[PDB]
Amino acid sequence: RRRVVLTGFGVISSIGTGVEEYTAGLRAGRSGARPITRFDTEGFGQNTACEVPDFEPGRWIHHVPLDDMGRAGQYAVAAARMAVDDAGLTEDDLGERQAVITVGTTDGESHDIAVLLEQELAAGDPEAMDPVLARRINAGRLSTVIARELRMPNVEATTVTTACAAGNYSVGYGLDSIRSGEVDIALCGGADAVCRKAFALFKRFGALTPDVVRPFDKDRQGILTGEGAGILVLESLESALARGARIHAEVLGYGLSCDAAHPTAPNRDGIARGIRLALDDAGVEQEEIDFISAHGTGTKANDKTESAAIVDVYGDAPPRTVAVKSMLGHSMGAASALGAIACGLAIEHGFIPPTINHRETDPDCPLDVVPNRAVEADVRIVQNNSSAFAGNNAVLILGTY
């Protein structure tokens, strides 16, 4: 079966923009927590999120008018630019290729939706709503604008809306699409933008931390909402080798499971099935996994369930299990894509990024979470977990090329 490799990474994140900045942030235990600017936090009793601080679309976006996209779309396009830059691919190389572009998202331009409702509510009149906003709110656009910006007409542009798992779904789809032989290249990842919808949702769930995100901590109090984009260039080994491309890591496999249990609650059996499917697809034994990049959101339920699933699969000596969201916060549709990149970078640079804000490991999460500081390791194979609402689990396995 055809081998598939990661030749480019594009990153817009709360802890760094570009592969360099992001590798730095990850190694540093940078926290992306900062005050919310994107919308009015009056009344939430709380106003911290993990925004992208200083996004300059002009660095990345050349062709598509900015008003054709909301923030999530802009992040997607910027990361895509970066990723193809990082892969040594120009618009000329891309125009020629049949490709898949698959961007995951949770909320898409839900901020634009909110602003639309604001316009109707201010005016007391639906007709006050801006056409420019209403044209760009549909999630499909996150994929198609990338094609537009990179001048790639011969693209299947699929936005995967499996929320936190969407990045991993997207990478997996790229993998399947390349493995099928039908395309030699896939731009895969996820993108989301901080919005009032997500903040208010998690607030109302009591799943927002009042200070910091402490995954697997005994007194973890929840998440911070995040945003950003991660785009990965996937390529057939054939196509990468033949092009003289630098290969960051190999995509070995993934697994998809569905809990078929609860619309919001994680499911131990469901996560465990996903992990096992991923290992089987990857052709990889529990032993060979150097670390797990956990879904690890920092909520009570998630961390104890995910831990349990990991221990089910690996037995009572599981690999080191770290939570990138300790640093990024929960970047929604970007989360697993930014995790995937972290995993690839961890492979490439021989490190394991930390679970930060870690005071004390929950005794029911008997894991080495690599607390607070990155460690060096001979990281050859990494599992990246992701779970979402609607019981959607996706687990991705990357390896050293």
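Residue numbers run from 1 along the displayed sequence.
- The deposited model assigns a higher average Cα B-factor to 316 to 324 than to the other stretch when 254 to 262 and 316 to 324 are compared.
- Here 303 to 311 and 242 to 250 are compared by their mean Cα B-factor, and 242 to 250 comes out higher.
- Among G339, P65, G350, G70, the highest C-alpha B-factor in the deposited entry belongs to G350.
- When the Cα B-factors of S236, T159, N168, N154 are read from the PDB record, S236 comes out highest.
- The deposited CA B-factor of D130 belongs to the middle third of values across its chain.
- Ranked by C-alpha B-factor against the other modelled residues of its chain, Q286 falls in the highest third.
- In the PDB entry, a CA B factor belonging to the middle third of its chain's modelled residues is recorded for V11.
- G298: CA B factor lies in the middle third for its chain, per the PDB record.
- Among the modelled residues of its chain, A24 has a C-alpha B-factor that falls in the highest third according to the deposited record.
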